[PDB]
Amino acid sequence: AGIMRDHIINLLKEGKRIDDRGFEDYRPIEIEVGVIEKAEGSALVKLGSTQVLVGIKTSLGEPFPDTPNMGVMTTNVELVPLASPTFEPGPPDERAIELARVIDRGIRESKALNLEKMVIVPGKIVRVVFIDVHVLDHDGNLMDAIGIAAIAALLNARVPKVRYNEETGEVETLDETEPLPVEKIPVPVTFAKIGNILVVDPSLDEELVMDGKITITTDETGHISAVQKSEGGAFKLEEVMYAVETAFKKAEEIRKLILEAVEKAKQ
């Protein structure tokens, strides 16, 4: 390490990355949905050797008093100690917290999970959705691994049909399952700045040497539902511009892999 910073910068100057990826290349992606069969939905995403399982468990609960009109979505990233020697047991650390929040915002702010279609009895009984992200192996670009697995798990989710029996006031969970109201497919795309070069999908080795990171989360609509510059470093306005644009293209490429994984699982 730190010996490694030098190799990586030097390689960068020659258009090269340590694994012969181009600056706009993701590592090989594997998305596999419905792998936790007892969950309502799930997704194993591999970004290279980076692995994250996301699990959708849903229950019925009260909405928040502020929003009697919306269901609940709550996103947690466990950075499990097994995943990295830098992951220690305990309450989420700030890495985990910032990853959870950025992915949530991505999904939340694109109305990707339409919470308004998750109401059963307004003000009283909503669908409560838990996105629990189990990071299995941290080898870089966990932000993208997780947002990809979160959204793919949501698309994969099949939750029990609920109906309010207007005549008893009883709420009946039924054996028939339905999709969640997933209406957009936000994908974070994340760049590491190393010197004056942004490189998509930084591996661990590049994260160790990077100056800063920026994540742009975009949906099919041409909208950005989250941006997060994370870590230190600085970006020029026009690096942001580049990143926003590149992100949009990388997103569309991933989005296809997500949809293909989601559809494969109904096979």
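Just count from 1 along the sequence shown to find any residue number.
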Once you work out the mean C-alpha B-factor for both 66-74 and 52-60 from the entry, which is higher?
66-74
Give the stretch, out of 168-176 and 138-146, with the larger mean C-alpha temperature factor in the deposited entry.
168-176
Residue of maximum C-alpha B factor among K161, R95, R101, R108, per deposited coordinates
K161
So if I compare the CA B-factors in the entry for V119, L79, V189, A192, which one is the largest?
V119
By the entry's values, the third containing the CA B factor of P202 is the lowest
Among all modelled residues of this chain, ranked by Cα B factor, put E231 in the bottom, middle or top third, i.e. lowest, middle or highest.
lowest
Among the modelled residues of its chain, does the C-alpha B-factor of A153 lie in the lowest, middle or highest third?
lowest
Among the modelled residues of its chain, does the C-alpha B-factor of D132 lie in the lowest, middle or highest third?
lowest
Where the record places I224 (Cα B-factor, split into thirds across the chain)
middle
